[PDB]
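Every residue, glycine among them, receives a Cβ derived from its backbone with ideal geometry; neighbour counts consider all protein chains shown. What follows draws every value from the coordinates through simple rules; no lab data is involved.
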Amino acid sequence: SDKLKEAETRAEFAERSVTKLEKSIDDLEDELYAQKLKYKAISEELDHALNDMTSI
Amino acid sequence: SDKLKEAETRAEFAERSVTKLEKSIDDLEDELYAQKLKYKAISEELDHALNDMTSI
Amino acid sequence: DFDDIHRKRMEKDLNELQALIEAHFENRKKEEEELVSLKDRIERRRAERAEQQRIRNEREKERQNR
Amino acid sequence: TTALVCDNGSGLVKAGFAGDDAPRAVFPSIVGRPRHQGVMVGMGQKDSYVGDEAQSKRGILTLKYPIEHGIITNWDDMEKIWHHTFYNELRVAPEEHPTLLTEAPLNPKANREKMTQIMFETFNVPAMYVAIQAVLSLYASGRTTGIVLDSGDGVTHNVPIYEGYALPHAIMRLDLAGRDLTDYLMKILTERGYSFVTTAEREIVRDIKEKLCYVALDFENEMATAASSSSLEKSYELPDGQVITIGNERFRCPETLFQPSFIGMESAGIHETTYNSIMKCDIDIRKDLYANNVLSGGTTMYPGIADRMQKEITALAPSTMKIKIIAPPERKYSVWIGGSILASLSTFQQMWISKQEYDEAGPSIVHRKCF
Amino acid sequence: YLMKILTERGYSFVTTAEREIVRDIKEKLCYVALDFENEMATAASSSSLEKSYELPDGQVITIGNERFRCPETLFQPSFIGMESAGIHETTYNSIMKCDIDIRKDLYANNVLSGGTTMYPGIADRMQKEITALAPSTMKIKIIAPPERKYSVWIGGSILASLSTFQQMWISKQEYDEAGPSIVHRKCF
Ligand SMILES: Nc1ncnc2c1ncn2[C@@H]1O[C@H](COP(=O)(O)OP(=O)(O)O)[C@@H](O)[C@H]1O
Ligand SMILES: [Mg+2]
């Protein structure tokens, strides 16, 4: 019984850790992807600016 | 016996998974920071350009 | 006619340029340096988390190894 | 009170109160019924998403424009679009506001009469007035003469005006516009492997056209350069990945404007219908029209068109005249800015078609003195 | 298939009652490998995978690389002779048949359900496979709620508890008027 209680508690703690880590990963992923899209957009508008310079 | 075997086994899986998750988290965060720093270097390139544009 | 072209053109010919330059300067100042500093801070915290994870993993592997 | 300057257009409905600089709400004019079955219950699924809402759910809709070429082909959908514009994008009941619609030149009468009948019976406005889409674009430039080429998305028309006196015998209306360029681009993209068929993917091809295409200064030299080097190939990321690379399709899509033989149309390009429209005018106002050529409308926003058109007209015109092409940066909303200016005038305040006048003469009042 | 590959060590289960024992073995021991070849190589050198299990009468058995070979059949249906592609590629094919504008949302909201998706380590193998197949820009996310087994029934309870749904039932008088073929009609 003692071993069972300790094991179950350790398991539950680790499980909740797992869930929270997943949520953190998701949020950081969303922010990083938004930054990535921002970078692609800035580079593309930069190139458009370069081509505008080429025009004039 | 069945219960505690199950619990310890799934707990070990949890520990290995969560450690893999932590490696994933660190790699993602560091890559995010590297990309963000590249972006800020680009922003300061643009800010030097804006200081030139202070010509207007 | 053709006398409002001055009052609708010359205005933004300077005010718009100056205001957009001001906006770019303030946005760059607010954004880039703070983002790089915050990313460095988060990196340091991440390294500390890595050290804590290594210590805990090693001590648990030491005890549990049977 | 203030007047509502609506501008139906064909492709983008632009509206806003009179006296401002830019339209308050600009949104595509598409009404798309859902086409699949739908299994979730209580999701609150409507029967028709109009305006900018149907550009976000376009994956499961069948978008269909209610205005084909200037004329209106589906009156129920157009009524729905107007109702949305009044109530949700401006949130002003029409019972307390005059309206100023806009209409292309040389359009069928029944279209205009039905438009005024709807505005007076369904929405019940106090007074509405219909104006030709080119005179407004001439207002916005602050001129009083000049020949304006208003290449919209539905129809391209070219109205010459001198000293405020329009020349009705010199209006050259051509039905090539942005939509035909979208279809032709969608048709030439198939030469690389990319097939867009669904009415939803027409929007993606339109975005490609807007962001990448440009008008070549000299067509043959560009065709030769794009066939040897690879400095032109610009890539673009679809709404799901799988980037595509556009080669010499970049300047071949908008070249259709100057050579309508590409899409099988017989007529001459926009570079030669302007010269023909000028030559129909009297011999003494041709210099002023040459010097004050005005561009407007969305489709004239291609990078490098104000130089190609000037080169072409200078080739056609006599060598002594000076050819100048006015291309304001606010080209897209030029018609609406002009509409706001016209509605804000005091001299114009008695030209509205008052409701009692409509009650006495019926919808045919629009062709009468109140034009 | 597990009952068929267990015979490679000497354990023969034939009776329809012993299929239940093999099912219990599959539930308690099998897991989905993140990478198949590396696991096959590791299980063939070390012995860190061999987990033992006690039959309903004693005589414990030791399962070696049968652990991750049984559920691998999901991603390679050629093992049991089926032609079709695995569950990692029929999802991508099902997505690609959809319209071009809703593929991002489907990529981001891939949902797992049903009992058999409870293998330890499947939500990572499937994500790795789809990320390999899908374009590099899209984000691939696999929703794997802990209450996977009863997900269908929980959803059924929610649907039956809705007020808007209360008039969609096939009332008995309607069946009396149109016969059993009423189900294909409007009341789906
Ligand atoms: N920046 C741009 N570059 C190239 N083409 C454009 C651009 N913006 C709009 N267009 C084209 O012009 C059309 C919009 O024209 P618009 O002036 O709104 O028509 P309308 O006269 O009906 O309002 C779009 O369909 C698009 O094809
Ligand atoms: Mg227009």
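Remarks
- Candidate set from the range E:107-137 (those that are within 14 Å of chain D (Cβ to nearest Cβ), surrounded by fewer than 16 Cβ atoms within 10 Å (Cβ to Cβ) and under 19 Å from the mean Cα position of the chain (by Cα)); member that is nearest to E:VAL152 (Cα to Cα): E:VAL111
- The number of residues in the range D:182-205 being outside any helix (DSSP H, G or I) and out of contact with any strand residue (DSSP E or B) (no Cβ under 8 Å at 6 or more places or on another chain) comes to 5.
- From the list D:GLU163, D:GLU95, the one residue that fits, being away from ligand 2 (no atom under 16 Å from the Cβ) and away from chain C (no Cβ under 14 Å), is D:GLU95.
- Matching option when the condition is more than 30 Å from D:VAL125 (Cα to Cα), surrounded by 16 or more Cβ atoms within 10 Å (Cβ to Cβ) and of a type outside the set (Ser, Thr, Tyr), among D:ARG308, D:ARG331: D:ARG308
- Leading residue by the ranking (nearest to D:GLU203 (Cα to Cα)) among those in the range D:1-16 that are assigned to a loop (DSSP other than H, G, I, E, B) and within 16 Å of ligand 2 (Cβ to nearest atom): D:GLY11
- Residues satisfying the stated conditions in the range D:139-165, i.e. among the aliphatic types (A, V, I, L, M) and out of contact with any helix residue (DSSP H, G or I) (no Cβ under 7 Å at 6 or more places or on another chain): D:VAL155
- Single unsatisfied condition, E:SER113 versus (1) part of a helix (DSSP H, G or I); (2) of a type in the set (S, T, N, Q); (3) closer than 29 Å to D:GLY59 by Cα: (1)
- A single member of C:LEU14, C:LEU20 is within 10 Å of chain B (Cβ to nearest Cβ) and surrounded by fewer than 11 Cβ atoms within 10 Å (Cβ to Cβ), and it is C:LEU14.
- Count - residues of the range D:280-303 that are within 27 Å of D:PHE219 (Cβ to Cβ), in a helix (DSSP H, G or I) and away from ligand 1 (no atom under 16 Å from the Cβ): 3
- Here D:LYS332, D:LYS322 are screened, and the one residue that is within 16 Å of ligand 1 (Cβ to nearest atom) and closer than 30 Å to A:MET53 by Cβ is D:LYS332.
- Lone unmet requirement of (1) within 30 Å of D:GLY146 (Cα to Cα); (2) exposed (fewer than 10 other Cβ atoms within 10 Å of the Cβ); (3) of a type in the set (D, E, K, R); (4) more than 10 Å from every other protein chain (Cβ to nearest Cβ) for C:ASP3: (4)
- As a summary of the residue check, D:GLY11 satisfies the conditions (1) within 13 Å of ligand 1 (Cβ to nearest atom); (2) of a type outside the set (S, T, N, Q); (3) touching a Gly at 6+ places or on another chain (Cβ under 6 Å) except for the one numbered (3).
- Pairs are defined by a Cβ separation below 9 Å, a sequence spacing of at least 6 or placement on different chains, a first member in the range B:27-56 that is more than 7 Å from chain C (Cβ to nearest Cβ) and touching a residue at least 24 places away in the same chain (Cβ under 8 Å), and a second member that is surrounded by fewer than 13 Cβ atoms within 10 Å (Cβ to Cβ) and part of a helix (DSSP H, G or I); no pair meets this definition.
- All positions within the range D:152-181 that are part of a helix (DSSP H, G or I) and under 17 Å from D:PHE258 (Cβ atoms): D:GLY178, D:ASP180, D:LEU181
- Looking only at residues of the range D:160-205 that are loosely packed, with under 14 Cβ neighbours inside 10 Å and among the polar types (S, T, N, Q), we find that the one that is farthest from D:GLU272 (Cα to Cα) is D:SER195.
- Single unsatisfied condition, D:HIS84 versus (1) more than 16 Å from ligand 1 (Cβ to nearest atom); (2) on the phi < 0 side of the Ramachandran plot; (3) surrounded by fewer than 17 Cβ atoms within 10 Å (Cβ to Cβ); (4) more than 14 Å from chain E (Cβ to nearest Cβ): (3)
- The lone exception for D:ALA306 - which of (1) within 14 Å of ligand 1 (Cβ to nearest atom); (2) away from chain A (no Cβ under 14 Å) it fails: (2)
- No other residue among D:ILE244, D:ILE208 is within 14 Å of chain E (Cβ to nearest Cβ), surrounded by 20 or more Cβ atoms within 10 Å (Cβ to Cβ) and either under 21 Å from D:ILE270 (Cα atoms) or away from ligand 2 (no atom under 16 Å from the Cβ) (or both) apart from D:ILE208.
- Flag if D:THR156 is within 14 Å of chain C (Cβ to nearest Cβ) and either touching a residue at least 12 places away in the same chain (Cβ under 8 Å) or within 16 Å of ligand 1 (Cβ to nearest atom) (or both): no
- Here D:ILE263 passes the criteria (1) more than 16 Å from ligand 1 (Cβ to nearest atom); (2) among the aliphatic types (A, V, I, L, M); (3) loosely packed, with under 15 Cβ neighbours inside 10 Å except the one numbered (1).
- Residue that is farthest from the other protein chains (Cβ to nearest Cβ), among those in the range D:141-153 that are within 13 Å of ligand 1 (Cβ to nearest atom) and either of a type in the set (A, V, I, L, M, F, W, C) or closer than 20 Å to D:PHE348 by Cβ (or both): D:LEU149
- Of the candidates D:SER319, D:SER364, the single residue that is more than 25 Å from D:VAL26 (Cβ to Cβ), among the polar types (S, T, N, Q) and in a loop (DSSP other than H, G, I, E, B) is D:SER319.
- Scanning the range D:17-38 for residues that are touching a strand residue (DSSP E or B) at 6+ places or on another chain (Cβ under 7 Å), part of a loop (DSSP other than H, G, I, E, B) and within 16 Å of ligand 2 (Cβ to nearest atom) returns D:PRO23, D:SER29.
- Of all residues in the range D:36-81, those being surrounded by 13 or more Cβ atoms within 10 Å (Cβ to Cβ) and not hydrophobic (A, V, I, L, M, F, W, C) number 21.
- Among the residues of the range C:30-56, those identified as farther than 16 Å from B:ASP26 by Cα and facing chain B (nearest Cβ under 8 Å) are C:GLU31, C:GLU32, C:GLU33, C:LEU35, C:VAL36.
- Filter pass, D:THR314 being assigned to a helix (DSSP H, G or I), farther than 25 Å from D:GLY70 by Cβ, polar (S, T, N, Q) and more than 15 Å from ligand 2 (Cβ to nearest atom): yes
- Number of residues in the range A:2-56 that are among the basic types (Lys, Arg) and under 20 Å from the mean Cα position of the chain (by Cα) equals 6.
- Within the range D:208-222, the residues that satisfy the criterion of being within 16 Å of ligand 1 (Cβ to nearest atom) and assigned to a helix (DSSP H, G or I) are D:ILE208, D:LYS209, D:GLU210, D:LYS211, D:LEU212.
- Count of residues meeting criterion [more than 7 Å from chain A (Cβ to nearest Cβ) and within 17 Å of A:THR9 (Cα to Cα)] in the range B:7-26: 3
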